[PDB]
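See below for the structure under consideration.
Read-outs throughout are calculated quantities, based only on the coordinates presented, and are distinct from any laboratory measurement. When we count neighbours, we look across all protein chains shown, and the Cβ atoms used for this are built from the backbone with ideal geometry, even at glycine.
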Amino acid sequence: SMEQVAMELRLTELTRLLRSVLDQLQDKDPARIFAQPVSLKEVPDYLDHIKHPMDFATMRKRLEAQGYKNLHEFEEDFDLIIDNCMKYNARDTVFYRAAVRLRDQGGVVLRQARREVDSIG
């Protein structure tokens, strides 16, 4: 139908905007701490601690399959990256501290993303 096509164009445009959001958030991680999944070879107990691992490469896979229906779903995944790290790692670690900085800097980007998503529909 024409409606299904219009819906699909909306999703494609959301995907375009979320790709730009993702790039901007990932720039706030210049150390690449959150770039890839925590390695289960190197941290073999990880899944005993963290039930829903997340990272930027995994988000990018989902994004490119158009697997984010709305900004809330995308934000959920970003918050998993941060919250997983702040639980597994102690406060006095470079990992924890990187997550705090990513959360703080990402907030700005996500605030305007939400306005754009609402504004453009």
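Packing, taken as the mean count of other beta carbons within 10 Å per residue, orders the peptides 9-20, 76-87 from highest to lowest as 76-87, 9-20. Charging the Cβ of each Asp and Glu at -1 and of each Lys and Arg at +1, and nothing else, the dipole of the chain about its Cα centre rounds to 240 debye. Against the chain, whose longest principal axis comes from its Cα atoms, helix 94-120 is set at around 10 degrees. Could I have the simple spin-label model distance between residue 91 and residue 57, label points 7 Å from Cα toward Cβ, reported in nm to one decimal? The answer from the label model is 3.3 nm.
The residue list 30, 72, 85 was ranked by how far each Cα lies along the charge dipole of segment 19-91 toward its positive end, using unit charges on Cβ atoms, and 30 comes out on top. Segment 87-121 and segment 22-44 have Cα centres spaced 14 Å apart.
Per-residue packing, averaged as other Cβ atoms within 10 Å, sorts the ranges 89-95, 1-7 into the order 89-95, 1-7, beginning with the highest. Quick check: the distance between the Cα centres of segment 60-78 and segment 1-18, to the nearest angstrom? Their Cα centres are 14 Å away from one another. The angle between the Cα long axis of helix 71-88 and the longest principal axis of the Cα atoms of the chain comes to about 0 degrees, rounded to the nearest 10.
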